[PDB]
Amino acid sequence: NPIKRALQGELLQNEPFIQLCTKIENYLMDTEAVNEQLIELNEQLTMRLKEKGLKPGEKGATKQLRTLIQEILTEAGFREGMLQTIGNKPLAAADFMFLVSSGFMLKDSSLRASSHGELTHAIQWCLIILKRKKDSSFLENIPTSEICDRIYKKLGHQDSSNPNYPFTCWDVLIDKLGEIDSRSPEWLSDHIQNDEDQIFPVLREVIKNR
C-alpha cells in the first residue's frame, strides 16, 4: 500500500480507508476492468440520448452526459451540482481542497487547466461508483451512498497530503500524470476520445463535442 506514503495523522492509521484507496488504485490501473464501466457509462448515455430523440453531436447530448454524471455522483453522496468558477479560473489549491472536503465535484480546470478533458475527474469517480454498484466487494461492501463521505472527502483532508511525499492521495489515485492507465486523467481522456476497440462510440463523440 504505497498509498500510505501520502498519508499522515488519523488517515495513516485508518486501515479501512487505506484498503478502500488501495482497491481504487488497483481498479484504475486495470484497463480491462475500467473498460467494463466505460461500456456501461456509454450504454446508459446511449439509452438517455435515444429516449430524448438526441444525437451524440447534438448540443443536448453534452447536457445529457453532464446530468448523467451528476446522477451517478449524487447516488454516491456527492453534492448535487458540479461546480466551476465564473470564467473557468483555477481555484487556489486550498480552496479547491476545501470544496473537495465538503463533497463537491468540480470541473478539472477548477484545479488545473487541461487541453485533454473537462470532466475527467468526474468520470473517474463515476467509473469507481459504477464498479461498486456492479461489485460490492470492490469497496468492501460500503453503502454506495457513503462513497463520498468515506473516500472522496478525505482526499481533501490535510491527513491525505503528507508533506514528505511529493504526491497527495488525490494525486496517487486520480491525478497521477505519467501513468499509462486511468489514474492519469490525461491518459483516460485520450483513451476515451480514441476508442480504439470501438466499445464506447457514444461517450466518445459527446466528449469531443464540447
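One-based numbering along the sequence shown.
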| message | On mean Cα temperature factor in this entry, is 55-63 or 153-161 the higher one? | response | 55-63
| message | Averaging CA B factors per stretch from the PDB record, which one is higher: 130-138 or 98-106? | response | 130-138
| task | Pull the Cα B-factor of residue 199 out of the PDB entry and bin it into the chain's lowest, middle or highest third. | result | highest
| Where the record places residue 112 (Cα B-factor, split into thirds across the chain) | middle
| said: Looking at the temperature factor on the CA atom of residue 46, which third of the chain's modelled residues does it land in? | reply: highest
| residue 38: which third of its chain by C-alpha temperature factor? | middle
| Taking the entry's C-alpha B-factors for this chain, is residue 32 in the lowest, middle or highest third? | highest
